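Structure data follow from model_13.cif (mmCIF, C-alpha atoms):
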data_structure
#
loop_
_atom_site.group_PDB
_atom_site.id
_atom_site.type_symbol
_atom_site.label_atom_id
_atom_site.label_comp_id
_atom_site.auth_asym_id
_atom_site.auth_seq_id
_atom_site.Cartn_x
_atom_site.Cartn_y
_atom_site.Cartn_z
ATOM 1 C CA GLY A 323 35.408 151.353 154.787
ATOM 2 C CA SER A 324 36.137 150.595 158.436
ATOM 3 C CA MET A 325 33.362 148.306 159.673
ATOM 4 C CA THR A 326 33.491 146.402 162.963
ATOM 5 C CA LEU A 327 31.605 143.109 163.218
ATOM 6 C CA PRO A 328 29.821 141.623 166.261
ATOM 7 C CA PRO A 329 31.280 138.951 168.580
ATOM 8 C CA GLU A 330 28.800 136.322 167.394
ATOM 9 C CA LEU A 331 30.366 136.294 163.928
ATOM 10 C CA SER A 332 33.671 134.455 163.526
ATOM 11 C CA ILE A 333 34.939 134.339 159.942
ATOM 12 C CA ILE A 334 34.689 137.280 157.545
ATOM 13 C CA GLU A 335 35.556 137.950 153.903
ATOM 14 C CA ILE A 336 38.794 139.899 153.487
ATOM 15 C CA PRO A 337 40.793 139.428 150.258
ATOM 16 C CA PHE A 338 42.836 142.560 150.958
ATOM 17 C CA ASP A 339 44.615 140.503 153.617
ATOM 18 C CA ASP A 340 45.960 138.143 150.953
ATOM 19 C CA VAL A 341 47.175 140.864 148.588
ATOM 20 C CA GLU A 342 48.499 142.839 151.556
ATOM 21 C CA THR A 343 50.014 140.192 153.829
ATOM 22 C CA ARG A 344 51.320 138.048 150.973
ATOM 23 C CA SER A 345 54.112 139.780 149.054
ATOM 24 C CA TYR A 346 56.416 137.021 147.813
ATOM 25 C CA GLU A 347 53.847 134.526 146.530
ATOM 26 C CA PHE A 348 50.787 136.785 146.603
ATOM 27 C CA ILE A 349 47.911 135.724 144.354
ATOM 28 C CA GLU A 350 45.311 138.140 142.985
ATOM 29 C CA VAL A 351 43.264 137.355 139.877
ATOM 30 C CA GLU A 352 39.625 137.421 138.775
ATOM 31 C CA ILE A 353 37.822 134.549 137.052
ATOM 32 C CA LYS A 354 36.335 136.091 133.910
ATOM 33 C CA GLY A 355 35.247 139.099 135.946
ATOM 34 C CA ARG A 356 33.129 136.774 138.071
ATOM 35 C CA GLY A 357 35.241 134.746 140.480
ATOM 36 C CA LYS A 358 38.149 135.750 142.705
ATOM 37 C CA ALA A 359 41.566 134.297 143.527
ATOM 38 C CA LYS A 360 43.236 135.468 146.737
ATOM 39 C CA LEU A 361 45.960 133.264 148.219
ATOM 40 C CA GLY A 362 48.018 134.747 151.037
ATOM 41 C CA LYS A 363 49.580 133.939 154.402
ATOM 42 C CA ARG A 364 47.082 135.883 156.511
ATOM 43 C CA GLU A 365 44.227 135.127 154.112
ATOM 44 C CA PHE A 366 42.592 132.303 152.158
ATOM 45 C CA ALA A 367 39.817 133.062 149.669
ATOM 46 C CA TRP A 368 39.695 131.834 146.071
ATOM 47 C CA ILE A 369 36.580 130.408 144.421
ATOM 48 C CA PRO A 370 35.005 130.864 140.964
ATOM 49 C CA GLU A 371 31.693 132.327 142.127
ATOM 50 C CA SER A 372 29.724 135.568 142.435
ATOM 51 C CA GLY A 373 30.322 135.925 146.163
ATOM 52 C CA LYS A 374 33.878 134.597 146.217
ATOM 53 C CA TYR A 375 33.448 133.684 149.884
ATOM 54 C CA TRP A 376 33.973 129.928 149.612
ATOM 55 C CA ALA A 377 30.240 129.472 149.049
ATOM 56 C CA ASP A 378 30.389 127.810 145.631
ATOM 57 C CA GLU A 379 31.707 124.675 147.335
#
What do you get writing this file as structure tokens?
Amino acid sequence: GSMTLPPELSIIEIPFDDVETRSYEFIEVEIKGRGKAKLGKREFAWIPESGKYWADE
């Protein structure tokens, strides 16, 4: 759903950017239905956690 964020906030979770932007070497896999792996050009989010927002580390 289209949701605009405030100016104060800078970074924001968006895995769709990796699967969308990246087409040649796009990465999209789940860690045992818990973590997430999204590696793209216009995106960078992949960590084995519940949030999958680079919080685990």
Is there a way to get, as an NGL selection string, all residues within 10 Å of the point (33.6, 129.7, 144.4) in file coordinates, counting only C-alpha atoms? :A and (353 or 356-359 or 367-379)
For CA of residue 347 in chain A and CA of residue 331 in chain A, quote the distance in Å rounded to one decimal.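 Interatomic distance here is 29.3 Å.
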To one decimal in Å, tell me the separation between CA of residue 354 in chain A and CA of residue 337 in chain A.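 Rounded to one decimal, the two atoms are 17.3 Å apart.
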Quick one: distance from CA of residue 352 in chain A to CA of residue 324 in chain A in Å, one decimal?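 Calculated distance between CA of residue 352 in chain A and CA of residue 324 in chain A is 23.9 Å.
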I want to know what sits within 12 Å of residue 346 in chain A, based on all atoms listed in the file, with residues of the same chain fewer than 3 positions away left out; could you give that as a ChimeraX atom specification? /A:340-343,349,361-363
Could the centre and edge lengths of an axis-aligned box, enclosing all atoms of range 332-347 of chain A in the file with 8 Å extra on each side, be given in Å to one decimal as JSON?
{"center_x": 45.0, "center_y": 138.6, "center_z": 155.0, "size_x": 38.7, "size_y": 24.5, "size_z": 33.0}
